[PDB]
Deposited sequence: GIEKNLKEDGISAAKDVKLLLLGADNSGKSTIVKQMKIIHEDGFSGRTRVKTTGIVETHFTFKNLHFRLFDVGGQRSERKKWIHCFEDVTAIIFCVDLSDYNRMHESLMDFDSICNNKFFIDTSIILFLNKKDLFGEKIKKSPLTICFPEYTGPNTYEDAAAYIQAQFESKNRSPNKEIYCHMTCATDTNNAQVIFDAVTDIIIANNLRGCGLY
């Protein structure tokens, strides 16, 4: 079965993903059963579980696009997991949630508030791309693979995103085991 770690923020939206039926969910698809673990990853709440997860297929990391306060918290939490000695090779599925709340947030709240160096015009297509770039900037791991997706707050169906990413991860690993690539 597939082990999926589910990280992010209290107000990031993983609270809704986990409900599609260490807190374990047993959702399944395509004769493939997933074990989804909602855990924390802050720092203080990270030594409580990191030492007993091994053979984690992927790490689902959630980000509230409209939340500038937790943004750098999430950037550094991300960096410290993506570059973490236990998950240096565990591929990541990155949801940037509340896409539309961000589409309205950016109209009345410039992105410069939390990225002062941002020089682009505050439009959804550029600000969201800049945020995505900032998370992937911290990758620092040659062949890691970060599967990105921007989710329409609750108004979408993004379990398929997870499973396509997981299958891609799996085939890459099976080739690795055979000695091909």
| property | result |
| --- | --- |
| Chain regions without C-alpha coordinates, deposited sequence numbering | 1-15, 37-54 |
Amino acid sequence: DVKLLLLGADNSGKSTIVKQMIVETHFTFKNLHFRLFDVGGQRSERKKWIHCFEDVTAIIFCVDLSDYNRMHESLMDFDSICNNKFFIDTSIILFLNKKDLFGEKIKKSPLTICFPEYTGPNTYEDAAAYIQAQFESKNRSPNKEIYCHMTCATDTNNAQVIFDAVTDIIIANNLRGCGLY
From here on, numbers count along this sequence of modelled residues.
property: Of 92-100 and 105-113, the one with larger mean CA B-factor; result: 105-113
property: Mean temperature factor over C-alpha atoms, higher-scoring stretch between 36-44 and 52-60; result: 36-44
property: Relative C-alpha B-factor of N158, binned into the chain's lowest, middle or highest third; result: highest
property: Chain third (lowest, middle, highest) by recorded CA B-factor, residue given as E24; result: middle
property: Ranked against its chain, the third holding the CA B-factor of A128; result: lowest
property: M150 - which third its CA temperature factor falls in, relative to the rest of the chain; result: lowest
property: Lowest, middle or highest third - CA B-factor, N31; result: highest
